[PDB]
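Here's the structure, in structure tokens; my notes come after.
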Amino acid sequence: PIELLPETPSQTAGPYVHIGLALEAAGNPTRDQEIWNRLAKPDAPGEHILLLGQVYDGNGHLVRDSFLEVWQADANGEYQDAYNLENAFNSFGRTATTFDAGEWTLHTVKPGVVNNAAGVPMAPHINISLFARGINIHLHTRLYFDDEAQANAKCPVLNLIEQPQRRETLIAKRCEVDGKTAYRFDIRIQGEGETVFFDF
Amino acid sequence: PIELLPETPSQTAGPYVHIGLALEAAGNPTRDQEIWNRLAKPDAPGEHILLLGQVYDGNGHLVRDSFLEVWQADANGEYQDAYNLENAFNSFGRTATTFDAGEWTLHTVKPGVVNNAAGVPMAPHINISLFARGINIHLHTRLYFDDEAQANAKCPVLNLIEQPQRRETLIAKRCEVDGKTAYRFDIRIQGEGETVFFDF
Amino acid sequence: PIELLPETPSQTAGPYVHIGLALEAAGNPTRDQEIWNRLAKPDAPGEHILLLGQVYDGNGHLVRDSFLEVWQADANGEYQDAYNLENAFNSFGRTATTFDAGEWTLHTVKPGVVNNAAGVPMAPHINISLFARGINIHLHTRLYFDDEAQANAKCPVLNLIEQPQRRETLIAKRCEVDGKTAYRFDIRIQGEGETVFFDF
Amino acid sequence: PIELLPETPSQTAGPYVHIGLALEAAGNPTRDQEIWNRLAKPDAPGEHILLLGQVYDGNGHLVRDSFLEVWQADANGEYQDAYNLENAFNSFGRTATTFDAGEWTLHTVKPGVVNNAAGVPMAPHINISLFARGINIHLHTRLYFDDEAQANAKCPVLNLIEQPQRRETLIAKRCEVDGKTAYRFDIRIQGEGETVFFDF
Amino acid sequence: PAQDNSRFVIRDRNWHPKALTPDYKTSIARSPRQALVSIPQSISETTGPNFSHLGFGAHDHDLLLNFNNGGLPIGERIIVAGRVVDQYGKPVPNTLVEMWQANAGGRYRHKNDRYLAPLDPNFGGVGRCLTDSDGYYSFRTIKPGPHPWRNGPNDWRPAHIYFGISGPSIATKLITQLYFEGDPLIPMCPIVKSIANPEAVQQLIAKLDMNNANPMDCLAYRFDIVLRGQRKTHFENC
Amino acid sequence: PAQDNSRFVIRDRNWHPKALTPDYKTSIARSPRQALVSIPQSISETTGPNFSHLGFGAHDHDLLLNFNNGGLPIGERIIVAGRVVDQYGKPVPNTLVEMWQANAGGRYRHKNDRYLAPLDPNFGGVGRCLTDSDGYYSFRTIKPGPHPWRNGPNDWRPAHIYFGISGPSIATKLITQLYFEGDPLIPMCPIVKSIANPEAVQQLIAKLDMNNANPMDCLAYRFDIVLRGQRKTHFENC
Amino acid sequence: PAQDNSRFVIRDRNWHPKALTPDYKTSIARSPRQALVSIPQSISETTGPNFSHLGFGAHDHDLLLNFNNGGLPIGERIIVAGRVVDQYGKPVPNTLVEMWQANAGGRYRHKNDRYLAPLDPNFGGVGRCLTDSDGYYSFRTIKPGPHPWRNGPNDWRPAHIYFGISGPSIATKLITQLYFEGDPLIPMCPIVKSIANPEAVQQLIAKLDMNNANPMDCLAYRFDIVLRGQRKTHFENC
Ligand SMILES: [Cl-]
Ligand SMILES: [Cl-]
Ligand SMILES: [Fe+3]
Ligand SMILES: [Fe+3]
Ligand SMILES: [Fe+3]
Ligand SMILES: [Fe+3]
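These protein sequences, in sequence, are chains E, D, A, B, Q, P and N. For the first sequence, the authors' numbering gives the first residue as 1, with consecutive numbering after it. For the second sequence, the authors' numbering gives the first residue as 1, with consecutive numbering after it. For the third sequence, the authors' numbering gives the first residue as 1, with consecutive numbering after it. For the fourth sequence, the authors' numbering gives the first residue as 1, with consecutive numbering after it. For the fifth sequence, the authors' numbering gives the first residue as 301, with consecutive numbering after it. For the sixth sequence, the authors' numbering gives the first residue as 301, with consecutive numbering after it. For the seventh sequence, the authors' numbering gives the first residue as 301, with consecutive numbering after it.
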């Protein structure tokens, strides 16, 4: 058969990933422009939301050195790929868990609906890639929203998860943090309530 | 790189380990001198204690054919390598689980404090090696004491166990047995509450 | 390590190099345009000079079939790469030793100062490559001028020649020839007074 | 045939040999005890002498980074191998040429006569090993004295040099430096007047 | 805004390291035990950020100068350079390449690194750049030292530099580690050996590159990166 | 008392059998699933008992005479002898070597062995001795027979003798099994094959040793044992 | 005083580098053009200094501590250790071993080195010790960096440490250079290649020695040295 050049193989991002990708977290000075956890300036159209979460290992212990990258549509269901800190909204962001509490946060807007390649609408979602010490190749997941029950039920991606019980692992819980709309999305890498991870 | 002679590889001690190392337990006559589970004669200095325990497999079932070797300091925190049945105290001993109840016992004194190689004091501990059918290479652990909580909290060996919850697996529980101080130390080889095992 | 394509290896230009590169000298008709030993028309700015020299082998005997290529800055210290026989000045030229007397000549202007890559000024020089029967790969040298003694003393290229006595081998001697400024630059390929040759 | 383990191959001592073996010369602080160029305290028996010399390459240029080790009998013709800075005399010493003048010096006594393995007397001599940048394996030579003409004539080592003219290269020249008896011993590594070097 | 107009060759997850590689101890509890759920590529997966307009500082790619506290860092001066291509051999231009590392002594400038080898006051440990229009990147740095770590009782990472590459979509984004030609620690490392196939390990070993060195100044290493092949859609929805 | 003045070469736990080796069925539930925690060597690990003054009976090393109930045991008379050294090749003198085994028919003298082959009234199955000042040990015994066991539906252990060796510390202590040169059961055994590397398996195979045999009396097998290499501490706490 | 009571096996001067090795440019004018004159061994050649009573400071063998100006040097912490033996395999006890080197960046602490890589304020570059009664030596240092030099237009020394060994006589005294396992600069260096026989070059390459490393602290390399064989005289003058 036809063999292409092989892809460069992945390796763990390691416990000191913050040196390269989360400078403040490492304890170091930042550069003039950093790619970080605020996807929306206050003037961005859409519903402004806080996202937060904790990451657990197979023993139910916090993964305190996790690093997350996120990719999401703007409120109108459009992916904005021209990354610029001058923009009111960027579709891409980065965050990391705090070493003491194990909590990450993101500041964004709720994404609009995007169609799959067959033209079927997907429920509102944020694409997440998870990196850490002990993770050899990053884990892909999606964060969906518990207040989108009717869309979630019809999502062609959620519907590829064979067991309905597993679909629940991808649904973030609406709450209020300091009077602001928030959603909690915890990830369990392994064992009871293991988060669905994707290959594509 | 420099390659030395390879070490002879380990194999399981098997279910009939007692033929060689626990003669009475196998059902057989003993020799004039045997290495066994009484490390201290009544005249040894220090606090005389009973140790006892059971060993569990990954399904929560008793490992009834376990064989244990122990190594501990005397009450002054000094290791006594000159093994002699005439001694009031020996630092080394052996025990095995009963085939009916699955319980091992040891009669000893509480060990004194020993520093690590860097001069930092370790909490009082008994070093244990566990052998059995199904165990291809013996498992190393340490028995610490629940009446040493303050010392345990500062032990530089316990502090190498990353999760505090796992450190609890090494703490023996103090009780009274026939009016003498006793500690129970159960070992869980696998699964929930899995005992920490060491490499060194 | 990274290996590139290997360079085509050098070979001697041979005793009949003139057939290809010095047509008159071989005894043959010339073409309409030839690359030869007059770098400057009378109208070129700068000090017009004659250069001449002889080439000696390791036994002190004339190398009568030598072929030389020269490359030099103009009077402003600028290299002129756009070779054109219509130009008042070309930075490149060719010459050859006569078979009877063993002497080559060049008609040019004195070059201006050029800085090395570190911004340090090099004394005025003409870069020379020497080819001949018996020379497997051409020899690189530089012709400096004895009326630039203060500049020569500070040249960072002459200063890479460890022994001061060897630096003297690169200094052409000023004379007058039919009323015009001339310099003699003799080359000794081997032995006593051996000319410095460069690699770069 | 019989093959033993091969000897570790030599390499050049390099231009910075002084870092390891001539600390002051490198520009660096010395240690409490250094092996250096004063073989005799003022109270040593024998004729006190200054030795001095310069080292030339094949082009007649000074070898300014030369390092020399010497080994010689005391005034009574005995080798003193117990090196100790408390001794009145040590048979071993080290010196190096100055970077500006290219001159090395040694302070010692004139050695007494030593017999070869056949019991034949050798003329008074100092054994010298020469190390430097460009010298892949050290060169062995001997320094003899011009005021020992009768002994030199009969030396069984000098007599192994086939050509009498070459013997002259090993004879140091007596002089006076600041009213003190001295001998000059120049070494020519290559070419005219090349110093005899030994293999043994 | 971004458009769905390409597909990316599926990853070979036996070429990449698997999730569960128990000799690398921390992978035991941080590896999923359920199978990954395969999904078809949509605009969500086949698009990604372009960083053409991120503002880079003058020295962002130069670790000899980007943590200047009064002098140069100590250690082996090297250029690390290479090309980013996809599996069809197409260059990946204007893509974000980030890298980070310990100093010459294997000490990381991170609050959580307690290794006893000292920090270097003029070395930070992070670089970033974009590949040029032909897919080439280059960094200048110090060769990092091996680093001991609490895996087995005497485990040492080979000298390594972490790399993050965005590529054209979130489907192509990769983090990996670069190792150095000839390092005798490479065959011994349980993180290197998370990769099962020895030919895949070879793809992470940077080669000494004398042709790119600056004489009397700095050596050079070459590290080429291959991202997932990108092709146009064909015969879809029909 | 004992002192901390030695260090022991770290074990290669891919040379040793791993904990989980599922073809050996009882290992499945008796293997830890969490990683071992590495700790640095201290006096607790680098010391161990010395049995120079344990009292041995006259026949402790001689299984032909140590269970004498009126006659000699039935079976192949053999001497089992060899040297205990560390990985640097240094002999390990005055160290405790214990061995135990089934009889000629593969029956163990243990209340839990219900194999139908008979006990031998003059065979017990345990020996012990100390190595001599040059690291040598020796036993006399009967060659044990193969033993069937309830692993797979037709599994048989090769003839084997268990050995336990103390060495200079609890870090060196080892239990292993000796097998016999040429035994066709060896490559088929799931306990043998708990050891992944075939070269490691070869290290457990005792060789026929005609030079050590007593003519018209008993054969001999040679089994050398290698314990972890022991070195002095250097450059510690500085 | 010293006595003539031994002979030293004659050197193989095709095993050692020859004097004239023109790719190493400075050897061209500093090599004799006349043949060496062979002479028989006498007490002059077969004796040499013994340094038992030279006074060594506490840190003479420890380059991490012997140039302490307020901190540790930057770079890869290593122990360099080995044995000195003669060609008959006999140890060479109580012999002087000296070593010197550049710092982690290839910069020498010598007034004549103007390479642009910085000095390390806590690194000097020199060590010395005596071999013990069994012929072993050890140093602790920083791994030196490669060094560019003005030989060819882009020449770089591999990482190297200079060694000087006295041995029992002036006939055994040697200076050499140690190189490090796997260094890709080794095959390219005109000083290494002054040695014609590639098997001789192998004798200068120190091997990574994990067994001698201090976990979480320093790696180790092993470099054994072989000096000329020493034998008694026999049948001489008869
Ligand atoms: Cl660690
Ligand atoms: Cl140089
Ligand atoms: Fe790392
Ligand atoms: Fe068995
Ligand atoms: Fe021709
Ligand atoms: Fe050097």
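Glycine included, every Cβ here is placed at the ideal spot set by N, Cα and C.
Practice task
Look up residue 532 (chain P) in the DSSP assignment and give the residues it is bridged to.
Solution key: P:306
Practice task
Decide if the segment 86 to 96 of chain B is in contact with the segment 176 to 190 of chain A; the criterion is three or more beta carbon pairs, one per stretch, under 8 angstroms apart.
Solution key: no
Practice task
Kindly say whether residue 415 (chain N), judged by its beta-carbon, lies nearer than 9 angstroms to any beta-carbon of chain Q.
Solution key: yes
Problem - Closest residue to residue 192 (chain A) among A:77, A:44, A:57 and A:43 (Cα-Cα distance) - result: A:57
Problem - Where the alpha helix (DSSP H) through residue 502 (chain P) begins and ends - result: 498 to 502
Exercise for the section: Using beta-carbon positions only, say whether residue 386 (chain N) and residue 529 (chain N) come within less than 9 angstroms of one another. Expected result: yes
Problem - 7 angstroms CB neighbourhood of residue 345 (chain Q) in its chain, flanking five on each side removed - result: 469, 470 and 471
Handout entry: For residue 142 (chain E) and residue 51 (chain E), the rounded distance between their alpha carbons
Key = 13 angstroms
Practice task
Can you grab the Cα-Cα spacing for the pair residue 426 (chain Q) / residue 525 (chain P), in whole Å?
Solution key: 50 angstroms
Exercise for the section: Closer than 8 angstroms by beta-carbon distance: list the chain E residues that pair up with residue 163 (chain D), in chain order. Expected result: 59 and 61
Handout entry: Span of the beta strand (DSSP E) around residue 448 (chain Q)
Key = 447 to 449
Problem - Among N:336, N:443, N:391 and N:395, nearest to residue 407 (chain N) - alpha-carbon criterion - result: N:443
Practice task
Compare the C-beta of residue 80 (chain B) against all C-beta atoms of chain N and say whether one is closer than 9 angstroms.
Solution key: yes
Exercise for the section: Give the residues from the segment 310 to 336 of chain P that approach chain N closer than 9 angstroms (Cβ to any Cβ), ordered along the chain. Expected result: 310
Practice task
Go ahead and pull the three-state DSSP assignment for residue 492 (chain Q).
Solution key: helix
Exercise for the section: Tell me where the beta strand (DSSP E) around residue 170 (chain D) begins and ends. Expected result: Here residue 170 (chain D) belongs to no beta strand (DSSP E), and DSSP marks it neither H nor E.
Problem - is_contact[residue 543 (chain P), chain D] using C-beta, thresh 9 angstroms - result: In the structure as shown, chain P starts at 301 and stops at 538, and residue 543 (chain P) therefore has no counterpart that could be examined.
Handout entry: Alpha carbon of residue 433 (chain P) to alpha carbon of residue 505 (chain P), nearest angstrom
Key = 25 angstroms
Practice task
When you get a sec, list the residues whose CB is within less than 7 angstroms of any heavy atom of ligand 5, chain order please.
Solution key: A:14 and A:16
Problem - residue 335 (chain Q) versus Q:391, Q:429, Q:436 and Q:313, residue with shortest Cα-Cα distance - result: Q:313
Practice task
Mind listing the chain B neighbours of residue 528 (chain N)? Cutoff is C-beta to C-beta under 8 angstroms, in chain order.
Solution key: 7
Problem - Contact the segment 156 to 169 of chain D vs the segment 32 to 48 of chain D: 3+ CB pairs below 8 angstroms - result: no
Handout entry: residue 402 (chain N) CB to nearest heavy atom of ligand 6 below 8 angstroms
Key = yes
Problem - Close-in-space but distant-in-sequence residues of the same chain around residue 139 (chain A) (CB under 6 angstroms, 5 per side omitted) - result: 130 and 197
Practice task
Report the residues of the segment 340 to 357 of chain P with a CB closer than 7 angstroms to any CB of chain N, ordered along the chain.
Solution key: 340
Exercise for the section: Check whether the Cβ atoms of residue 47 (chain B) and residue 109 (chain B) sit closer than 9 angstroms, and answer yes or no. Expected result: yes
Practice task
Tell me whether residue 407 (chain Q) counts as near ligand 3, meaning its Cβ is closer than 8 angstroms to at least one heavy atom of that ligand.
Solution key: no
Exercise for the section: Go through its chain and collect everything with a Cβ distance to residue 103 (chain B)'s Cβ below 8 angstroms, but skip five positions before and after it. Expected result: 52, 53, 54 and 97
Problem - Local Cβ density within 10 Å of residue 489 (chain P), reported as buried at 16 or more and exposed below that - result: buried
Practice task
Please determine, among Q:449, Q:404, Q:517 and Q:380, the residue with the shortest C-alpha to C-alpha distance to residue 453 (chain N).
Solution key: Q:517
Problem - Every unbroken beta strand (DSSP E) within the segment 16 to 95 of chain B, with a cutoff of 3 residues, ordered by chain - result: 48 to 56 and 67 to 72
Practice task
Check distances from the C-beta atoms of the segment 359 to 381 of chain Q to those of chain N and list, in chain order, the residues that come in under 7 angstroms.
Solution key: 371, 372, 374, 375, 376 and 377
Problem - Within chain N, partners of residue 4 (chain D) - CB distance below 7 angstroms - result: 511
Practice task
Please indicate yes or no: does the CB of residue 531 (chain P) lie closer than 8 angstroms to some heavy atom of ligand 4?
Solution key: no
Exercise for the section: Verify whether the separation of the beta carbon atoms of residue 78 (chain B) and residue 112 (chain B) is less than 9 angstroms. Expected result: yes
Exercise for the section: Determine, using beta carbons only, whether residue 350 (chain Q) and residue 83 (chain E) come nearer to each other than 9 angstroms. Expected result: yes
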